[PDB]
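Enquirer: The structure under discussion is supplied below as structure tokens; questions concerning it will follow.
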Amino acid sequence: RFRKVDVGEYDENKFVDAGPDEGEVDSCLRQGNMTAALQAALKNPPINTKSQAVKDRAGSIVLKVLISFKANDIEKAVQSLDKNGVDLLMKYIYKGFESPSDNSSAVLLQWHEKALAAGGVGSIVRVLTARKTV
Amino acid sequence: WXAXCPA
Amino acid sequence: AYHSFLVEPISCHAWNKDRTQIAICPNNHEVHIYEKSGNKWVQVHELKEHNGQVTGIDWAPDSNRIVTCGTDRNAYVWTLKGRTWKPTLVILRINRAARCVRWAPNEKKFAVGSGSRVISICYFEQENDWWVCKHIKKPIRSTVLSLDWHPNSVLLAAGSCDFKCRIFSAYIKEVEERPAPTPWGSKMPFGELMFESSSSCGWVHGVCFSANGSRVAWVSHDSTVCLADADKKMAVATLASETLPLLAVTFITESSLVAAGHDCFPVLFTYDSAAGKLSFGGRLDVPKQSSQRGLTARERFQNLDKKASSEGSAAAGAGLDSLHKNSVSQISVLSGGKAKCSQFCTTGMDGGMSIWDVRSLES
Amino acid sequence: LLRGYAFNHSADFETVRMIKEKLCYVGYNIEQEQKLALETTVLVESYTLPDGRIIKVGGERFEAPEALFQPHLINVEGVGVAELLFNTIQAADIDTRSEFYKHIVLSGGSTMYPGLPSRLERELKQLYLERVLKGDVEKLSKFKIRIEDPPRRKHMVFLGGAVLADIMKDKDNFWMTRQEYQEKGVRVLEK
Amino acid sequence: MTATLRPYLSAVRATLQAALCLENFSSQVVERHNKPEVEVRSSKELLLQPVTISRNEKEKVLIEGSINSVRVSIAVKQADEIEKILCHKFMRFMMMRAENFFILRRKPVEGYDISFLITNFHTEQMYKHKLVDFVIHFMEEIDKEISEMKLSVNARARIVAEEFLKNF
Amino acid sequence: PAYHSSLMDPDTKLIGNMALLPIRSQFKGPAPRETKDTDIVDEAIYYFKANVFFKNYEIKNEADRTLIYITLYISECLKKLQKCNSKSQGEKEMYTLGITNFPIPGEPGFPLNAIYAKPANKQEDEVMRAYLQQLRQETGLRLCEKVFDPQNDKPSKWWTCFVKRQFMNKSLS
Amino acid sequence: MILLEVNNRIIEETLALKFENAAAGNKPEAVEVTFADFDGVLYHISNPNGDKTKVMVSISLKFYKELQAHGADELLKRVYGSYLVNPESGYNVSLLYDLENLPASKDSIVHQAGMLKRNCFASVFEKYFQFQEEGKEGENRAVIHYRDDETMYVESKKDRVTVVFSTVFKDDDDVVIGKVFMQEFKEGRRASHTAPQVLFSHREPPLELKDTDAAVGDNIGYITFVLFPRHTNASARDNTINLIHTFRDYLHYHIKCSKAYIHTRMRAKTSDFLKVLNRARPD
Amino acid sequence: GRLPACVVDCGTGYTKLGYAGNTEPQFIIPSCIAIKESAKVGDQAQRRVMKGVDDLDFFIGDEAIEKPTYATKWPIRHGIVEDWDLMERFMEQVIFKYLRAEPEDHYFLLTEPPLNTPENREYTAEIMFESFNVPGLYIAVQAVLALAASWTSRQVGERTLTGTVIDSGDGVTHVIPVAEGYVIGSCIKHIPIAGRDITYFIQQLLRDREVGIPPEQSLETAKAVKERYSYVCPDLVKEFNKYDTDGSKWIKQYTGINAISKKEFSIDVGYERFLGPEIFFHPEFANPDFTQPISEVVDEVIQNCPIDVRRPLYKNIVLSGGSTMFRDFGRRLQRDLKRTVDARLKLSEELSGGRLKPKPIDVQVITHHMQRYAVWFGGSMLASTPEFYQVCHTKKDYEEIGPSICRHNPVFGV
Ligand SMILES: Nc1ncnc2c1ncn2[C@@H]1O[C@H](COP(=O)(O)OP(=O)(O)O)[C@@H](O)[C@H]1O
Ligand SMILES: [Mg+2]
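Line by line, the protein sequences are chains G, b, C, B, F, E, D and A. Numbered by the authors' numbering, the letters in the first sequence go through residues 10 to 26, 35 to 151 in order. If you're matching positions, the second sequence starts at 1 in the authors' numbering and goes up one per residue. If you're matching positions, the third sequence starts at 2 in the authors' numbering and goes up one per residue. If you're matching positions, the fourth sequence starts at 198 in the authors' numbering and goes up one per residue. If you're matching positions, the fifth sequence starts at 1 in the authors' numbering and goes up one per residue. If you're matching positions, the sixth sequence starts at 2 in the authors' numbering and goes up one per residue. If you're matching positions, the seventh sequence starts at 1 in the authors' numbering and goes up one per residue. If you're matching positions, the eighth sequence starts at 3 in the authors' numbering and goes up one per residue.
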């Protein structure tokens with residue numbers, strides 16, 4: 010009855026180591050300016066915040082904004098953005114991607130394809146190696 | 001024992 | 002200028018002053034030395050007393066000494082005595098591992114990027130006929146993968162895997178003198194943290210210094226390149242792209258920059274004067290490669306038994322030299338120092354070696 | 198043999214020496230390593246025999262050193278190297294326990310197995326936690342151990358003998374001189 | 001597969017290619033070793049966040065990351081009980097002869113279908129794009145294999161029935 | 002291995018490495034005459050029916066080399082005698098086989114040459130030559146008297162069945 | 001084996017071993033063995049007492065009570081002669097061989113004893129067929145549920161006879177496989193000319209079984225075989241009886257055979273998968 | 003009226019078969035299995051893939067020898083098995099045709115050699131639980147079954163658990179001691195030579211020492227070993243010269259019958275009358291790797307266990323197994339063991355003087371019936387014990403944990 014217990018209670022640091038809004042996005046959606054809706058969705062990211070509320074809010078809002086798009090202006094929407102904006106986008110799509118049901122697959126796949134066409138594999142590398150809980 | 005010696 | 006020295010990978014490489022001798026780790030418990038022969042390479046010596054795996058080698062331009070820094074928590078300083086090589090035991094006080102090593106411009110001390118959360122610096126002593134070792138452990142919190150040195154030999158940059166790329170200040174008064182004034186800081190005593198990374202930008206796999214000692218650049222696993230310009234008020238420049246992670250760092254002149262990694266071919270960068278921004282340069286090595294094959298009537302039937310008969314060795318990477326040049330391990334320099342670098346060499350995990358040029362392209 | 202290879206006891210005993218030297222290694226936690234072995238096959242490795250024959254060894258290379266900490270595997274009523282060390286230290290006085298724990302050496306060529314120091318220190322810490330503090334981890338943090346593992350662990354006795362003879366050669370009152378042998382009521386000259 | 005599976009395959013292939021990069025890292029926690037880090041789960045320093053590529057509830061994939069190895073777990077699209085049984089048996093028979101693969105695991109992750117494994121020891125002695133191509137090809141061909149097995153069992157049942165009924 | 006040599010007193014001399022154990026023979030050679038019927042050849046013939054089966058042989062004493070050589074030559078004798086027709090023909094074949102030039106120990110063409118020694122001086126060379134010739138002739142004379150039988154005047158299958166069971170897997174050839 | 005046999009070869013083998021040495025003097029060869037066969041019935045061979053000159057064979061039929069109520073006087077003299085005696089073990093038919101009397105035949109008697117289970121089972125089906133053949137008023141339908149939890153029902157009216165099967169599968173793994181197996185049973189008819197109609201029903205039990213307390217539930221299928229004199233006369237009676245009795249074990253064995261077949265196919269495909277994988281290793 | 007379980011002793015040679023609670027294994031058949039394979043060339047990407055119902059078109063047992071159009075292919079080879087599909091086919095064929103037992107309402111006990119790897123046991127248990135759906139399963143080494151069967155030799159009422167068993171086999175004969183029910187795990191050795199390679203040597207010698215036999219009917223000719231045709235020999239060379247001297251009365255003759263043309267063929271019997279059985283104590287003849295006798299192996303294994311158990315173990319050595327049927331085997335083994343143990347005792351006494359005289363160690367070999375089969379009765383008693391119904395692994399254990407429940411081994415532990 011010895012080694013059973015962990016001895017891993019060490020001291021060496023095991024790498025011990035601004036949310037989005039809704040009214041503006043709704044106004045952009047009803048007005049029809051989808052580009053403004055997406056821009057507002059990506060704005061004020063939860064880069065520094067420890068609470069599931071803001072995380073789920075951001076995921077839901079970005080998912081809803083993405084779903085409403087059609088498969089004609091997606092290229093225009095992606096183009097009118099900066100590289101850091103593209104990376105933040107791709108991170109948001111990956112975050113909301115786990116969300117199953119409600120047929121939230123095809124649009125995300127098209128968005129990922131466009132991001133690869135523009136962002137490239139560097140976006141994949143950045144999203145994979147970002148300890149930053151975004 | 002508990003302290004000193006085994007028993 | 003591709004060449005092959007072994008089918009299996011190679012860990013590290015080291016070269017002599019005249020670029021006539023080569024050091025290749027065979028990925029086994031030994032290290033081999035290759036020498037030039039006209040326009041050909043051939044083995045000359047065979048050094049082996051290490052029971053572990055070698056992961057770090059370096060060469061002294063003048064002392065002609067070679068250090069094997071690898072596993073087994075040990076390190077041997079090879080020296081030449083006539084026409085044979087003999088070891089020289091060193092003590093480092095390590096418990097986990099050691100990967101990378103590097104000597105100094107003046108050949109008075111060497112450092113080891115140990116995997117035991119510690120960085121060790123050693124110097125020669127004639128009293129006990131040994132190699133004493135000091136330790137730096139204050140700010141370090143994880144493994145160190147890359148070490149580079151500064152002309153004066155007092156400043157050391159030890160890349161790690163904790164988002165940081167930090168300069169240190171090591172000064173052993175026994176074999177060191179007061180350095181001249183430097184813009185960075187005050188050249189404080191050994192075992193202290195000078196400065197840290199401005200923020201979190203991926204891990205670190207390499208570091209490079211400058212002759213003027215005013216600019217430091219490093220790469221990261223997050224497909225990013227950094228350039229810490231200390232001449233200004235610690236101006237920091239950044240750049241990124243879609244390329245796969247880089248695993249090396251080096252530059253030609255005060256503005257140029259070179260790097261390579263999993264992209265399978267060199268990538269060139271540059272730094273502006275006042276704009277504080279970098280740029281990109283594509284395939285400075287050459288335009289592209291070529292592919293070829295043959296009938297091989299024997300092979301046409303041999304492959305069908307195991308693989309598909311129609312199968313072959315052709316791959317999408319043949320056109321852009323991305324077929325056999327599997328990844329890049331590190332980089333080196335050929336002529337002079339980090340001022341003009343008329344030629345640059347790179348190591349490959351494929352088990353081979355290759356050379357390039359910077360002027361033969363002639364823009 | 199289980200794997201299905203037939204071996205003798207004449208020369209292959211020396212043959213397995215190199216294979217044990219290269220491939221054999223000891224573990225940190227038995228459970229994790231066993232789960233890794235049964236869930237993965239990356240730890241498989243081989244060695245080129247003198248006759249060119251090739252053999253596969255991926256699981257047997259790990260459990261052989263475990264006999265050191267579990268003598269039960271080879272029909273011995275042992276208690277374990279780490280447990281034996283803890284018992285021996287405890288049976289002593291008190292003022293010496295801390296000094297013994299602080300300074301400890303791993304001598305002998307059979308201790309060159311990769312990972313033995315980690316297993317030993319972890320076991321000793323577990324013994325200290327369970328048999329003294331009854332699981333109180335908070336007081337366990339300050340306990341310190343520094344295993345002495347010189348790089349020249351293949352040969353250290355020869356070094357000691359050389360250094361001894363360096364200073365214990367001039368004076369003749371150290372050895373069993375030839376003259377004393379010719380007499381009776383002899384032997385046990387020193388101790 | 002242009003309108004049904006092509007985008008999914010492209011996305012997963014890109015993710016694998018990005019996460020297929022690996023390097024040798026001397027053990028940082030246990031004396032001197034180079035064992036895979038993903039399985040051990042010792043230090044969070046090296047681990048990378050998991051990723052998933054999926055389009056339906058019952059089908060899924062997982063992509064891990066680390067210096068030493070990258071682990072991928074798949075979940076097949078099984079609808080009927082016969083599909084589940086056939087997939088389980090086929091994967092078990094694949095396990096029983098996984099030694100020659102040098103890539104595959106020995107038991108699937110809990111709650112998921114078969115999973116693979118990669119390491120720096122399997123990246124140089126074996127090619128790089130070929131492994132991802134094979135994983136992809138398996139992902140496509142699983143449905144073909146299961147449908148073929150289903151029609152084979154149906155034909156067997158038909159033939160046995162026909163053979164028995166003739167006597168009457 | 003288990004059935005090694007016997008009848009070797011320390012007084013026995015040697016020629017480089019081999020033991021010059023006396024053999025009783027009506028022929029001439031650098032060997033003496035022993036009244037007792039027992040000798041090296043008798044024991045070799047007695048134990049040949051079993052030594053072939055074993056796959057090892059530890060040379061406990063120097064006579065082990067003599068036993069090895071005699072059995073090795075007997076293998077070739079049996080191989081050549083299997084095609085015999087008449088006792089006179091068999092004796093003729095054995096005689097012409099004895100007066101030959103086979104690989105002498107210490108020279109190429111000889112199996113297990115490592116175990117045996119390499120003579121240096123001249124005289125020992127012809128001493129060994131004569132000793133080996135005498136041994137071969139005695140072995141030939143000894144085989145012909147038991148290999149054949151009073152009936153069928155042919156080599157008994159029981160004695161030629163071991164033709165393919167080459168000692169130590171190889172023969173002189 | 002494709003058609004499961006009806007002759008238990010255990011009794012054949014043991015009786016052959018006993019009789020081949022029978023003409024060897026006072027050779028008792030005391031025997032006491034217990035066996036088991038399909039339908040969850042236990043056999044038993046054991047001498048009645050210390051006298052080893054007589055060997056006895058017995059049965060442990062589950063539905064024995066129905067057989068006793070019906071009366072099998074036909075079976076007591078047609079197939080089995082004077083070598084049948086009252087039950088001893090559990091009130092179930094048991095026979096014995098009189099070794100003191102000369103046994104003339106060797107193969108015929110062994111074959112007759114080999115089919116004991118079916119020989120006793122036929123006492124009801126053959127009698128119902130006789131009832132409908134003889135013109136006697138249609139005998140009351142009967143239900144015969146054997147050891148298995150499932151049930152068997154038969155109706156013997158004029159101009160035809162009927163039989164219905166109830167199926168129960170225990171393990172969840174084999175339920176769907178058996179459902180698929182029996183789905184195509186009701187349709188395969190392109191290779192049979194003089195064969196009865198076949199149908200499958202699981203959701204709606206047949207109207208015949210509503211009153212009868214037969215196998216009723218949810219996960220239970222039904223199979224009915226329509227009977228006509230063209231395949232139920234004195235010539236094609238034994239074959240039909242053997243086929244119907246050996247129906248259950250036939251389904252079971254062929255299910256396992258299909259499982260082995262699919263195992264072999266997947267094992268074959270693994271080789272192709274490995275061949276495809278091998279493209280990654282270098283030359 | 004509970005149904006009896008099923009007892010099976012699978013192996014490389016003649017597979018024993020029958021039910022529990024019985025005094026005689028009813029069915030004893032070889033492992034020969036037929037198959038409708040022929041000459042395809044694509045045999046490594048479709049081994050068989052028999053179209054339609056031809057997959058099951060194969061016989062089994064003694065009836066499978068006399069089918070001259072298929073292939074007789076033994077699945078087992080000294081415990082280890084290359085392809086187990088044939089094993090599954092044989093198992094289904096036996097259970098249905100011969101045993102006629104429903105797996106879902108019966109308990110099966112299986113026996114494997116001690117050297118069987120964990121993987122084979124795990125996967126066979128998985129196959130059983132998946133296909134046959136047997137409610138319970140249990141696998142154990144055959145040594146204890148032999149020890150239990152050995153009680154019938156004499157004084158059954160006198161409980162005697164200690165002893166040791168050296169069992170034979172078609173391709174393996176093992177040594178396993180028992181110390182009052184508990185065996186020693188590390189004191190077990192596996193012998194590769196067995197009762198098959200002996201016949202290989204017999205036929206190899208015969209094919210040159212004699213002529214007058216057809217290539218096909220070789221093994222039937224080589225089976226003079228199973229007859230009275232082999233006696234063991236305290237000395238080798240003595241009998242060699244005895245035969246080479248007289249060679250008239252000691253020689254026997256064979257009068258076998260051809261199985262094709264019904265033409266009588268005869269051959270004499272020579273040195274093989276003893277050499278074969280003598281190979282057991284001189285395995286070096288056949289296997290060059292294992293140049294190690296048996297009796298000394300027995301003493302060594304008995305000398306690697308605690309002191310208190312060494313004494314009773316030598317007193318109980320069981321003669322069980324087909325290859326042990328050779329006459330005078332027990333005498334040779336007993337004499338050799340007595341000689342070596344007495345020599346060891348004398349050496350131990352020489353170093354330390356004393357006028358005492360220790361009571362001599364007693365070594366006795368027991369000869370009895372049941373030698374051909376000593377595993378079946380053990381399995382019968384295994385089944386008859388109610389505790390078997392409780393120790394047997396259950397379905398739910400295999401349901402989610404996996405087939406690892408059957409991985410328990412007597413020479414493993416962490
Ligand atoms: N009376 C006998 N004489 C000589 N050999 C026998 C005799 N009986 C069996 N054998 C040999 O023993 C072998 C069978 O032993 P057995 O252990 O029952 O096979 P298995 O290992 O499959 O249980 C046979 O190959 C046979 O050659
Ligand atoms: Mg056996």
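Here a beta-carbon is modelled for each residue, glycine too, at the ideal position from N, C-alpha and C.
How close, in whole Å, do the beta carbons of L16 (chain F) and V135 (chain F) come, if the pair is a contact with beta carbons under 8 Å?
Expert: So it is a contact: roughly 7 Å between Cβ atoms.
Enquirer: Does the beta-carbon of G249 (chain B), which I'm using as the reference point, lie nearer than 8 Å to any heavy atom of ligand 2?
Expert: no
Enquirer: Taking three-plus beta-carbon pairs below 8 Å as touching, is the stretch 131-149 of chain C in contact with the stretch 115-122 of chain C?
Expert: yes
Enquirer: Mind listing which residues have their beta carbon within less than 5 Å of any non-hydrogen atom of ligand 2? Chain order is fine.
Expert: A:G13 and A:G171
Enquirer: DSSP state of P106 (chain E), grouped into three classes?
Expert: coil
Enquirer: Per DSSP, what kind of secondary structure is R32 (chain F) in: helix, strand or coil?
Expert: coil
Enquirer: With hydrogens ignored, establish whether the beta-carbon of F204 (chain B) is closer than 8 Å to any heavy atom of ligand 1.
Expert: No, Cβ of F204 (chain B) sits at least 8 Å from all heavy atoms of ligand 1.
Enquirer: Looking at chain D, is there any beta carbon in it that lies within less than 9 Å of the beta carbon of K308 (chain C)?
Expert: yes
Enquirer: When you compare each of G:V151, G:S118 and G:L145 to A14 (chain F) by their alpha carbons, which one comes out closest?
Expert: G:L145
Enquirer: Run through the stretch 7-61 of chain E for me and flag every whole alpha helix (DSSP H) of 4 or more residues, listed as ranges in chain order.
Expert: 41-52
Enquirer: Just to confirm before moving on: does the CB-CB distance between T201 (chain A) and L221 (chain A) stay below 9 Å?
Expert: yes
Enquirer: Under 8 Å: do the stretch 109-123 of chain A and the stretch 37-46 of chain A share three or more Cβ pairs, one atom per stretch?
Expert: no
Enquirer: Given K81 (chain E), which residues of its chain have a CB within under 7 Å of its CB, disregarding the five upstream and five downstream residues?
Expert: Only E94 and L98 meet the Cβ criterion.
Enquirer: Does the separation of the CB atoms of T246 (chain D) and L75 (chain D) fall below 9 Å?
Expert: no
Enquirer: In the DSSP assignment, find the alpha helix (DSSP H) that holds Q206 (chain A) and state where it starts and stops.
Expert: Counting along the chain, the unbroken alpha helix (DSSP H) around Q206 (chain A) starts and ends at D199 to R211.
Enquirer: Applying the 10 Å Cβ sphere with the 16-neighbour rule, what's the burial state of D264 (chain C)?
Expert: Result: buried.
Enquirer: Compute the Euclidean distance between the alpha carbons of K42 (chain A) and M52 (chain A), then round it to the nearest angstrom.
Expert: About 12 Å.
Enquirer: Expressed to the nearest angstrom, what Euclidean distance is found between the alpha-carbon atoms of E134 (chain D) and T232 (chain D)?
Expert: 14 Å
Enquirer: When burial is assigned at 16 or more other CB atoms within 10 Å of the CB, is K326 (chain C) buried or exposed?
Expert: buried
Enquirer: Does any residue of chain F bring its CB to less than 9 Å from the CB of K23 (chain G)?
Expert: yes
Enquirer: Kindly indicate the opening and closing residues of the alpha helix (DSSP H) around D65 (chain E).
Expert: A64 to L82
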